[PDB]
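# the amino acid sequence is not available; the structure is as follows:
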């Protein structure tokens, strides 16, 4: 019975703005696009087109510094290395011109560990490896 | 007491863009249509018409490659073979001109297995078998 | 195996309008901004800009006085000292011109402890320490 | 270790329209205001103002009479004495010109105790004691 | 220690359109009104007025006949006798010109008991007893 | 993350002394919400919950149950870009 | 096992005058002498197998009980967890200290005092130390390489060499996650035995840290298989032999081994 | 036929001086004395026992143990049954 593999999520390595960020816990990023649905005058099937693209991302992790608060709304790059070790074919993606949607200055509850949640947008992406 | 059968969902075989995709877990697809409700000037029952049709689909499964990220917003076909083995009358459906609504570049949580979720639209469908 | 640290949320010390507030339980604050997404006439990637910023905050804690009810909609400052004791590098943030969105006059249930929830906005923030 | 105290919610005493109401279970009241956010032509920080105020309240408790149903939409006063007994500094708040948003004529389920829920608005408030 | 009483919800007796309906399980009815909030040109407290009233009700119970389906959108009266037996002071309310918002023709799940849910509106109410 | 639910005993001929000792130990563990793992002070054991069960046996079981957690860091390192250099052409 | 215990007692103890079988020694036998009595063999579960109970009844000349206490400590030192080889059977074993007789009897007619030390032996019927559980083999190999101690498979063997570890599977959950994929999950528990309990703690600590920082284990030296860890948990209160301190859950995802013909070459013509 | 199962040993290794002998009692047991059929009216058990025999090429006893079981073997009893009328036409 031949083998398989699941990319365990603990293999993610995120380098934010060059420096390796090691407290991040979950990262999401999608490349949206407006469908631009058009109804033709003779055909009864709607048609979709690329329209224009838009980025959006997010990160959650344990707070250890004021890195994001001091960063402000400056543009920055994000690297995401989804390493695979059962088969060595890692995957690396770069997000270009990442900008925060909202600066998370303060978020904390008394009886809990302090976590930092971020969300924003990026102009474009590059698929460095797969 | 005569027999019956439930089409177990693990019998699904999805060939995306020709190549058999074997990590997909759940697939959904519906053929929408605008009702075009019209109120007549003499009759008190509203009337519905076909209007125009619109496709929509989705897939979830375990991530193993950058197939969808590299695919971009290119059009592609999807086959869905809901095999039945208690009775051999399988069912096959083809979705035409599938296009992603959003490219899922990155989605992962540290303590979990990495899964890929997709959603988009398709121009039309064909019922190859039943 | 080198050490690490989680900023425990019980280390928060909030000084509201100068006086140290010692019944607060959880505090949140974010610095929002309008994305101002612009679609260029030649480029298919949407572009984001700083737009204008807007503050928003919130606090929850055990009620012990009519401090907030008597304060009204007066402007005031908030300090938030997220102390760290495993490493002594505390973090202090100041929120400027905090104003309540709604005055919480009364909130209580018979079989429960009386807690006070607040939410509002602030003109600007300062990162005193990190 | 010096003492502290929480205001237990069972100490609430609500006098509605003068008469002491003794079946009420939880009461809420907030003093809202429109933020009136204004974007200046030179400054990138949004500015907030008092605008105009608006009251809102609510009560839940066990039904024992048709008091609220017979009261109609008549204006009335509400007193709320959040007594504290560990320290004798009670708190009293008066809500002025309370008016029901909706008259709860009937609300009952067969296998449950009948409770009455109310919600409305008030022109203004007075902080009689603290 | 002097007694008290909760109006148990199983004491409800609903006579719909004169005939006593004995399978109903829970009934709700409220007398809504548009607040008509007005901002004065000199006063900073918003003012509320009666506006115009609107009724709304609902019933749920075990289906035993096609009474509501055959009734159609005909107007009808509802009586609701919230009997109290610990103290004999029952309460009776009449809802005038009740009209269904939607005719519940069919509602049923295979592995469950069939229940009928109704919702509508009423022109006015009378408080026959309290 | 390394978590341990460590239980503590207190023995004495005077049971009231046991109660007093457990009380002061609990108060110390709570007000000082972490414990120095070693005298170097780099490490710590952040408390999670401390609970006493007075009915529990003095010798076998132990009165006080405490839960501590600690977060290690994987000790990986690599070379650093101290100096960078380049030329320009056309 | 009588020969092995008798030889060990005679060799490693010098106050002893002789170690006999139950009803052998005459009244003129020179005290102190010991007597080795075998007890029941009881099925004590899958992990232990059959457990023999052996007693060593020390005897003394009714001078004082302190001499007998010293002799008892000597016997416990000699036999407790030390591998002993029975030359007659030419197979080894490892006695385990368990306790002492009900009281410290006095026998006046023989003019002696006696005390029965109580030992036991593990897994009388096991002689293989092999398994067809590939996962247990993989983790036992991993433990042996990491830890440099013995690593026994699913069940103890009678001649275990303390310190040692034992990896076994307790529970198995298979799952057809997809048409082509199957998930195999095993909750595998691990023992660590040693005379020094602090050594047990240290061994468990290093094993846990290794399993965590290296989040998967090579099923075979050919690679292409892995046991991705799910959760590893130690329960120090649990018994050293019967239960096992450390509980680990591993999962693996197979793939249904189906194949078919391939479209290497495609050809066609055109007409009108 | 029957199939004895090893279970243990007598309480101790006794010595009987009056007989001039030593003795030890091995302890065996036998299973399912009153079963002789190896048949079942549970169709499901029959089906899975057939499947196990075909796949595995060993014995497959159906309802309960029989006293002369041939090791190696498998048994496929049923423990718990839950019926359910999911629909008007289906069960």
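Everything's here; your move. Numbers count the residues shown, from 1 in each chain, chains lettered A, B, ... in the order given.
# wait, does the strand or helix carrying residue A:117 contact chain C?
Remark: residue A:117 resides in strand A:115-121, with elements defined by DSSP states H and E. Yes. Shown here: strand A:115-121 in contact with chain C (Cβ under 8 Å from any Cβ of the partner chain) through residue A:121. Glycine gets a C-beta too; all of them are placed from N, C-alpha and C.
# which parts of chain F are strands?
Using DSSP state E, the strands of chain F run over F:2-8, F:34-35, F:45-52, F:64-70.
# equivalent analysis for chain A, please.
A:12-16, A:19-21, A:24-33, A:53-62, A:76-82, A:91-100, A:102-109, A:115-121, A:124-129.
# correct me, but residue A:46 touches residue B:54?
Yes. The criterion here is Cβ atoms under 8 Å, and residue A:46 meets it with residue B:54 at 4.6 Å.
# which neighbours do these two have in common?
With contacts taken as Cβ atoms under 8 Å, 6 or more residues apart in numbering or on different chains, residue A:46 and residue B:54 have residue A:37 as neighbours in common.
# tell me, how many residues neighbour the residue in chain F that chain G sits nearest to?
As assessed by Cβ to the nearest Cβ, chain G sits closest to residue F:74 within chain F, at 6.2 Å. Residue F:74 has 10 neighbours, counted by other Cβ atoms under 10 Å in any protein chain shown.
# these two touch, right, it and residue G:213?
Yes. Taking Cβ under 8 Å as the definition, residue F:74 is a contact partner of residue G:213 at 6.2 Å.
# next up, the contacts around the nearest residue to residue A:47 once chain neighbours are set aside.
In space, and not counting its chain neighbours, residue A:47 is closest to residue A:38: 5.1 Å by Cβ to Cβ, 6 or more residues apart in numbering or on different chains. By Cβ under 8 Å, 6+ apart, residue A:38 lies in contact with A:46, A:47, A:49.
# which of the residues you listed sits closest to residue E:106?
Closest approach to residue E:106 among the contacts of residue A:38 (Cβ to Cβ): residue A:46, at 32.1 Å.
# and for that closest one, the neighbour number?
Counted with other Cβ under 10 Å, residue A:46 comes out at 21.
# for chain C, see how far away the residue of chain F closest to chain G is.
Going from residue F:74 to chain C by Cβ to the nearest Cβ, to the nearest Å gives 7 Å.
# so what's that residue up against?
Contacts of residue F:74 by Cβ under 8 Å, 6+ apart are C:1, G:213.
# what's it sitting at in phi/psi?
phi -60, psi 130 (degrees, to the nearest 10).
# for residue H:19, see how far away the residue lying farthest from the centre of chain F is.
Residue farthest from the centre of chain F, counting by Cα atoms, centre = their mean, is residue F:90 at 61.9 Å. The gap separating residue F:90 from residue H:19 is 115 Å, by Cβ to Cβ, to the nearest Å.
# and if you look at residue A:13?
Distance, residue A:13 to residue H:19, using Cβ to Cβ: 80 Å.
# and if you look at residue A:88?
Residue A:88 is 75 Å from residue H:19, by Cβ to Cβ.
# run a quick neighbour tally on the spatially closest residue to residue A:55 that is not a sequence neighbour.
Spatial nearest neighbour of residue A:55, excluding adjacent residues (Cβ to Cβ, 6+ apart): residue A:122 at 3.7 Å. Neighbourhood size, residue A:122 [other Cβ under 10 Å]: 24.
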